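Here is the structure we will look at, set down as structure tokens.
The basis for the numbers below is simple: all heavy atoms, side chains too, and nothing from hydrogens, waters or symmetry mates. A note on names: the letters A, B, ... follow the listed sequences, proteins ahead of strands, and every chain is numbered from 1.
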Amino acid sequence: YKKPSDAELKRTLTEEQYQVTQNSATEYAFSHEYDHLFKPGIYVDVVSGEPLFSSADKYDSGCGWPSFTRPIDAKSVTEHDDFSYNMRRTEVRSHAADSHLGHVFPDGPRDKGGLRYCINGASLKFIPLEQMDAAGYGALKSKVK
Amino acid sequence: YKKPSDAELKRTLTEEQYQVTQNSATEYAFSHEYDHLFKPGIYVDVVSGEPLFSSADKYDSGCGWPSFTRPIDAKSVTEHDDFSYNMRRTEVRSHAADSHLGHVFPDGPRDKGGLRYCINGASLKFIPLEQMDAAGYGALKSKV
Amino acid sequence: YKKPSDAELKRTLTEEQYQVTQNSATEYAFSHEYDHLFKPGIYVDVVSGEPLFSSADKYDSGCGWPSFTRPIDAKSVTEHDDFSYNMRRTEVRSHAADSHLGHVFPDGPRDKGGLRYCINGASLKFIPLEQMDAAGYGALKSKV
Amino acid sequence: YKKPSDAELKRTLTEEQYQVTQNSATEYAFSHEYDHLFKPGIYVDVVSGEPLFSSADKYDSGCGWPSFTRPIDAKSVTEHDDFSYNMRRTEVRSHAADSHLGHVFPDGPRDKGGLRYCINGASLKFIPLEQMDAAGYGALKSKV
């Protein structure tokens with residue numbers, strides 16, 4: 001995979017998608033349609049179409065952003081330390097396109113792995129289950145339920 | 001007419017269209033398709049669909065940005081002093097949505113009125129002549 | 001209270017005062033003279049001179065920023081949800097001039113209420129005890 | 001002459017002085033006191049105190065920024081080309097501290113050499129003639 005050039009991204013991504021995925025902006029809490037979307041399907045990197053999260057692992061955390069127990073696969077995201085007042089947080093980025101997705105927190109539901117991935121909906125595109133074969137994601141349908 | 005909220009604009013405009021129209025950025029020289037487009041039709045504000053320029057007034061100034069000799073109507077655009085770089089230039093913005101479009105300089109051909117509007121393609125949407133009726137611009141077909 | 005215009009503030013505040021208070025910037029760890037300051041006095045809003053913190057409530061655990069356990073009054077600072085970074089933190093702002101000051105965390109000295117006001121020194125002006133009378137803050141010396 | 005650390009500049013320069021000198025911002029036209037100041041003295045870099053312009057070379061250009069026919073010394077400024085719409089401008093920066101100062105235009109008075117150094121007052125500090133000895137610029141009083 002080759003990430004489109006920045007010049008291409010400025011012309012294809014909305015300003016919101018660009019700020020979030022390229023400049024690590026955070027979308028307003030509770031603002032995105034995916035925040036309260038719980039329909040079967042997968043969420044893919046808005047930039048590359050890399051699968052990132054399954055609807056099976058999504059839950060309403062009350063935090064303000066699409067929230068997931070885990071990424072759809074171990075290698076689909078990468079984690080990166082950042083700091084505010086020298087206090088660490090873990091940023092989550094997509095593997096292939098290196099889009100800023102969100103952050104991951106150690107206080108998610110224990111019986112699902114203890115983690116909460118709070119992800120900007122702006123970084124994602126939802127592929128409904130019924131559309132996955134056609135979109136080229138058939139081999140990942142099994143992760144949806 | 002009411003300009004969409006900034007929130008809506010961020011979710012509707014590309015980064016490029018947003019930076020140019022909202023943040024007064026300037027697209028890269030020769031980068032936009034409208035730089036080399038010379039087909040009959042009109043150029044409207046990408047934000048609002050307000051008519052801005054006629055193809056009739058577009059010419060190839062060669063500088064790297066779409067260039068026109070005049071707005072399609074005097075009131076289609078507004079002029080603003082831009083004191084960037086210790087000089088005074090006239091910024092051109094759209095009337096209704098107040099998008100930054102570009103600048104107008106007094107260095108156009110005199111035989112076409114002497115003004116050169118250097119306008120970002122990013123600020124514009126081209127409506128070809130053949131599509132103007134369907135798009136509600138039928139009354140401006142005579143502006144060509 | 002009337003806050004000075006943004007133009008006025010650009011010419012009166014230092015770069016870091018402005019960025020912190022007006023643009024909610026965070027000064028670098030250990031950058032500010034107030035970090036380890038323990039002289040008696042008050043810290044006022046650098047924009048308005050509204051009292052915000054007393055030296056009495058300041059402490060140093062080696063944090064990169066001034067640290068206080070409480071504001072000088074309940075009403076001098078306002079709390080605001082800060083949803084940056086897909087989490088919720090509590091930003092603290094000054095009441096009158098609505099300066100960004102920093103944030104308040106629940107990890108401060110247990111015996112003083114549990115809070116840690118982590119405050120940009122750039123948001124504050126220190127008024128030494130000895131100058132408080134002349135400066136109009138005599139009534140507050142008892143908080144020092 | 002001397003370029004303080006970015007940290008020192010953030011804490012000493014006003015937001016205006018900082019944005020102008022460090023980030024090549026342009027102050028609003030007609031906004032600075034020095035625009036209409038014509039008193040004997042020199043103008044030094046606000047960052048370093050490096051002498052930059054003499055009041056001897058200062059004139060009213062009507063443009064809205066302090067305007068000079070020449071720098072006080074050949075070596076005290078450096079010049080850099082930039083472009084908008086592929087139109088040339090020439091940025092002027094101080095030699096020692098590399099402060100953004102303003103722009104130079106080929107439209108100055110002919111008898112004085114034809115150049116106009118259009119300089120942000122924000123980038124300067126005026127040292128009146130009668131303060132130059134005490135200020136350490138005695139050697140340059142001949143330039144006034």
Side-chain angles (χ1 to χ4, degrees), chain A residues 16 19-21 23-32 34-36 43 52-53 58-69 71 77 79-94 99-108 115-124, chain C residues 16 19-21 23-32 34-36 43 53 58-69 71 77 79-93 99-109 114-124:
Chain A
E16 176 89 346
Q19 297 301 321
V20 164
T21 63
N23 291 338
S24 304
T26 294
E27 66 193 12
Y28 291 143
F30 311 98
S31 67
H32 198 277
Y34 298 162
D35 186 36
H36 289 342
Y43 292 81
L52 294 180
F53 299 97
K58 194 177 186 286
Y59 70 106
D60 191 336
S61 77
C63 295
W65 300 274
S67 295
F68 303 92
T69 56
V77 305
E79 296 184 347
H80 298 90
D81 288 346
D82 213 333
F83 299 82
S84 172
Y85 306 111
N86 285 356
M87 296 163 88
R88 201 183 66 78
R89 57 179 182 265
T90 306
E91 189 218 6
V92 172
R93 317 219 268 253
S94 59
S99 295
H100 169 73
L101 304 180
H103 291 81
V104 60
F105 304 90
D107 61 347
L115 304 180
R116 179 176 68 263
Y117 293 74
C118 275
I119 309 290
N120 299 293
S123 74
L124 308 175
Chain C
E16 54 188 24
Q19 292 301 331
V20 170
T21 62
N23 293 335
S24 307
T26 302
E27 67 199 12
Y28 291 150
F30 307 103
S31 61
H32 201 275
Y34 300 159
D35 290 346
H36 310 290
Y43 295 78
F53 298 97
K58 198 169 185 285
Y59 69 98
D60 193 353
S61 57
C63 189
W65 296 270
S67 301
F68 301 86
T69 57
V77 312
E79 293 182 353
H80 297 88
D81 286 342
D82 173 1
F83 290 100
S84 299
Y85 319 126
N86 309 103
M87 61 188 298
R88 197 211 52 72
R89 297 176 302 160
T90 305
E91 182 205 3
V92 288
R93 306 218 282 249
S99 288
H100 170 76
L101 306 179
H103 289 68
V104 60
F105 300 107
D107 62 3
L115 304 182
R116 165 176 65 111
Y117 289 79
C118 180
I119 304 289
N120 292 280
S123 71
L124 300 178

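- For C:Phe30, the CZ atom is densely surrounded, since the number of other residues' heavy atoms within 6.0 Å is greater than 12.
- Within residues 80-88 of chain C, the residues having any heavy atom closer than 4.5 Å to a heavy atom of chain A are C:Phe83, C:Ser84, C:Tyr85, C:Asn86, C:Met87, listed by residue number.
- A search for side chain to side chain donor-acceptor pair (under 3.5 Å) contacts involving A:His100 returns A:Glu91, not counting sequence neighbours.
- For A:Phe105, the part sitting under 4.5 Å from any heavy atom of chain C is the side chain, from C-beta outward, and nothing else.
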